[PDB]
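Per the entry's author numbering, the very first residue in the sequence shown carries number 16; after that it's consecutive. For every residue, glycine included, the Cβ atom is placed at its ideal position computed from N, Cα and C. Presented below is the structure to which this report refers.
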Amino acid sequence: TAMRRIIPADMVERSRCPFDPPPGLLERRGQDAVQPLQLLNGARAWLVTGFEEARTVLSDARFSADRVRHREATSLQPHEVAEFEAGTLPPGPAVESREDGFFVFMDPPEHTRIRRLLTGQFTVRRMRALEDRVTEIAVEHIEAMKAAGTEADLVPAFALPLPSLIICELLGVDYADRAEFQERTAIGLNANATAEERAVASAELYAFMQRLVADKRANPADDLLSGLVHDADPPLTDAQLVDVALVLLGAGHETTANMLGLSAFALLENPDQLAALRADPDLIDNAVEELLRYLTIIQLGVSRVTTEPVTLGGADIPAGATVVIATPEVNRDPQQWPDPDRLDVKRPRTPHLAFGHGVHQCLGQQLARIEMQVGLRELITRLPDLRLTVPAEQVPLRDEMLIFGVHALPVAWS
Ligand code: HEM
């Protein structure tokens with residue numbers, strides 16, 4: 016169930032055009048907003064390209080996020096497709112039976128009970144604290160790049176480490192454990208790492224999270240994970256806390272890192288937009304929202320399953336169907352954004368779907384916005400005459416993974 020064994024290539028392959036929609040998404044423009052999608056495993060799903068239709072999927076009681084109970088077409092092993100199509104593939108476990116912390120695969124009220132504990136740690140006071148910590152880590156990384164020379168690969172020097180170290184801050188990873196943590200999270204994202212090298216790094220992090228939760232139970236500090244372990248009422252089990260720590264790491268690192276690298280890339284390819292930002296630093300917050308709309312690193316990973324038949328976007332979707340949001344095309348819906356394929360950091364700011372919608376809308380979105388606002392402000396103000404040192408078409412793209420991004424971003428400054 017690797018993404019490229021499931022999603023048709025033309026819906027995700029950018030070739031050497033990172034900012035342009037893949038041709039299979041382009042070819043659905045001006046058609047019904049919801050259309051069938053034939054998956055490479057032979058299973059059927061439905062694809063949503065409409066903004067209003069995507070909002071409905073993500074905030075309608077007939078579309079379930081419980082992808083444990085409701086099997087998705089995108090999850091099917093080859094031996095399971097004919098059972099799925101025949102309606103004889105069993106559901107996963109009923110949520111009443113589950114003891115795990117994977118609240119991402121739950122609907123209200125089971126979702127709500129765990130999501131409330133996490134919102135409870137993402138307080139406005141913690142967010143103010145994290146903005147200061149983001150500022151420190153960003154400036155330290157940029158000052159390190161400038162001390163080492165006049166050129167850098169922005170991905171390992173800046174885009175990967177800042178969000179990884181912010182996860183370390185949330186989880187209360189001790190200073191002496193950070194280098195190893197950073198190494199293991201980087202392996203996950205390395206083009207050159209084998210499936211065996213990855214599965215070892217993944218097992219090392221799972222065991223690390225178990226040890227980290229046990230350590231916060233014994234020796235709590237001021238971090239979000241200490242808060243979940245000690246201050247949560249009602250209390251989570253150790254197993255649930257491990258699951259929540261793995262969810263935060265999974266959700267908060269790769270996305271933010273890829274957004275930092277691709278945002279720097281887009282600004283260097285759109286010097287007029289970079290000029291607007293250097294000229295008026297107050298534009299940074301609106302610019303981050305435009306970059307989130309324009310780049311949409313989530314790709315086709317946002318899906319739900321119908322629990323009853325639904326008519327939407329010109330489609331009669333049956334019960335039990337997988338509905339995939341084409342988040343990059345939803346964020347280019349010309350009903351919402353005139354001239355949607357233009358990067359315009361001065362655009363009037365209106366809601367996009369880069370962080371999803373409804374009860375599961377990104378828990379980390381304020382923190383992600385802080386990382387982008389601070390990161391890009393510090394990069395643009397500290398690195399004069401920042402430039403790519405390879406042509407844009409030679410920057411290597413990550414379009415075989417669930418999250419889109421660049422593998423390298425070679426830059427220089429003066
Ligand atoms: C630019 C960076 C990011 C993007 C684009 C992003 C995008 C998303 C999206 C689209 C979802 C909704 C998925 C769905 O409904 O199926 C989501 C959920 C979530 N994200 Fe973010 N994310 C980012 C950063 C972060 C960060 C920094 C954290 C935490 C530190 C975080 C934690 C979460 C969590 C825990 C969920 C699950 C929420 C739930 O199911 O209730 N994310 N993210």
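- Item | Residues near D238 in its chain [Cβ-Cβ closer than 6 Å; skip 5 each side] | So the qualifying residues of the chain are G187.
- Within 10 angstroms of its Cβ, does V228 collect 16 or more other Cβ (buried), or is it exposed? With 16 or more Cβ atoms within 10 Å of its Cβ, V228 is classed as buried.
- Mapping DSSP to helix, strand and coil, what is residue 431? No information on residue 431 is available, as it lies outside the stretch 16 to 429 that the chain covers here.
- In whole angstroms, what is the alpha-carbon distance linking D331 and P324? Whole-angstrom Cα-Cα distance: 7 Å.
- Query: So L73 and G373 are in contact, right, with Cβ under 8 Å, and what is the actual spacing, rounded?
  - Reply: Going by Cβ atoms, the distance from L73 to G373 rounds to 4 Å, so yes, they are a contact pair.
- Message: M18 and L417 - do their beta-carbons sit closer together than 8 Å?
- Response: Yes, they are a contact pair.
- Beta-bridge partners of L62, as assigned by DSSP: DSSP lists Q50 and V339 as the bridge partner or partners of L62.
- Determine the contact status of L132 and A247, defining contact as a CB-CB distance below 8 Å. Yes, they are a contact pair.
- Hey, which unbroken runs of the alpha helix (DSSP H) at 4 residues or more fall wholly within the region 142-170? None, since the region 142-170 contains no complete alpha helix (DSSP H) of that length.
- Run through DSSP, which three-state label would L251 get? If DSSP states are grouped into helix, strand and coil, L251 belongs with coil.
- Message: Assuming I385 is part of the alpha helix (DSSP H), what are its boundary residues?
- Response: Looking at the DSSP string, the run of the alpha helix (DSSP H) that includes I385 is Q380 to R397.
- Task: Round the Cβ separation of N301 and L358 to the nearest angstrom and send it over; I've been treating them as touching at under 8 Å.
- Result: Going by Cβ atoms, the distance from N301 to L358 rounds to 12 Å, so no, they are not a contact pair.
- Query: How many angstroms separate the CA atom of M121 from the CA atom of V110?
  - Reply: Rounded to whole angstroms, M121 to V110 spans 7 Å at the Cα level.
- Message: Less than 8 Å between the C-beta atoms of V320 and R82, yes or no?
- Response: Yes; because the gap between Cβ atoms is below 8 Å, this pair is in contact.
- Task: Between the Cα of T270 and those of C32, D168 and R413, spot the shortest distance and give me the residue it belongs to.
- Result: Residue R413 is the option with its Cα nearest to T270.
- Could you work out which residue in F173, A172 and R193 is closest to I182 when comparing CA atoms only? The shortest C-alpha separation from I182 is found at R193.
- For the ligand HEM, any of its heavy atoms closer than 7 Å to the Cβ of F66? The answer is no for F66.
- Message: I want to know whether the region 83-94 touches the region 53-61 - three or more CB-CB distances under 8 Å.
- Response: Segments in contact, yes.
- What are the partner residues of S79, as DSSP defines its beta bridges? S79 is bridged to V320.
- What are the start and end residues of the alpha helix (DSSP H) that includes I299? In the DSSP annotation of this structure, the continuous segment of the alpha helix (DSSP H) that includes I299 starts and ends at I299 to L310.
- Beta bridge counterpart(s) of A427 as assigned by DSSP: DSSP output for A427 lists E166 and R402 as bridge partner(s).
- If you pair each beta-carbon of the region 22-40 with each one of the region 275-285, do three or more pairs fall below 8 Å? Contact between the region 22-40 and the region 275-285 is present, because at least three Cβ pairs lie under 8 Å.
- Report whether the distance from the Cβ of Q314 to the nearest heavy atom of the ligand PLP is below 7 Å. You won't find the ligand PLP in this model; what it holds is the ligand HEM.
- Query: What is the rounded straight-line gap between the Cα of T200 and the Cα of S241?
  - Reply: Spanning the two alpha carbons is a distance of roughly 21 Å.
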